[PDB]
Each structure stands twice: as structure tokens, then as C-alpha cells.
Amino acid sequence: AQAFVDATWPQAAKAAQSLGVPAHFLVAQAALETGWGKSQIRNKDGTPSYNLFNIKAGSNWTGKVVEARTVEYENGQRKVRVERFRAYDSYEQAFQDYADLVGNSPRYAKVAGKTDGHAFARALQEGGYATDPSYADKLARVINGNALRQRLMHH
């Protein structure tokens, strides 16, 4: 969606500079995570969580949460459960929380500063960002894809 890129790019820009990566890398990751906004986690009322990166609550997370169905892979096994996800006041808060997490967790140290889409996606995957085995491949295709590119120039 164009509305998705328009709503996220400004907030992506701020967090992207904290991480030393192009803003559209973060828009692409959010688009992959939420199906261009069509599958973003929402409250029971249908209120948006703004959690475009699908970040679960940590054990000591205090603040808004939403219980949501989630799919995870462990070995060649598919898992479906309901977990507590973070909820935010705005896309800005969501992006800032993402930069905080990725920027400060040791396992993602190789992510910051990556300005090639494949290298960025691989660093995330190798850091354990996702359980989907083809996460990096899929993310790289969005980052370098014509769909995102056209929507960016439109933005």
C-alpha cells in the first residue's frame, strides 16, 4: 500500500539514522512483517498496536500489550500459539523501540551500518530475528523490489 509507506517512512527515517541503515530498509521490514500493513496486530477492538515489527513483550515489559496469534518454526516443525506482543502509542514509538532493541542487543551487533539489503537481511537472520528459514531472502526481495521502489518515489 502507498498509505503504508506514507505513514511509516517519516518514523522509519529517525530510527534508521540511529542504526546507520537506509530508511527504506526498515519500511521494507515492516512491510514484510505486516503484509504492507494488512496484517498488523490490532487490539480486541480493532485498534492498531502499531507493532509493525511483531516484537513480543519481554518478561519485564510494562505498558500496553496485545495477546495475538503467532506462527513460529522450531526445527522442521510449525508452531501456532497466542503470545503477548508490545503495543504502542504511535508508529514513532514502535520504530524507536525497534531501534532500541536492534541497536542494543549484542546478537544484532552486525546489523547496524549495513547499507546493502542482502547484508542487512542476512545479519538480522543470522542474529536470530526470525524463525522462518527464508526470512533474509524474502526481506532482501522486498528491499530491492520494484513494489517498494515505486512507492518510495511516490512518497
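Heads up: residue numbers just count along the shown sequence, starting at 1.
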Higher average CA B factor in the deposited record is what I'm after, so tell me if that's 137 to 145 or 17 to 25.
-> 137 to 145
Do the CA atoms of 6 to 14 or those of 128 to 136 have the higher mean B-factor in the entry?
-> 128 to 136
Per the entry, which of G103, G37, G46, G113 tops the list for Cα B factor?
-> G46
Should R122 be placed in the lowest, middle or highest third of its chain by the C-alpha B factor in the entry?
-> middle
Is the Cα B-factor recorded for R86 in the lowest, middle or highest third of its chain?
-> lowest
Lowest, middle or highest third: where is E33 by C-alpha B factor in its chain?
-> lowest
Of the three thirds of Cα B-factor ranks in this chain, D97 occupies the lowest
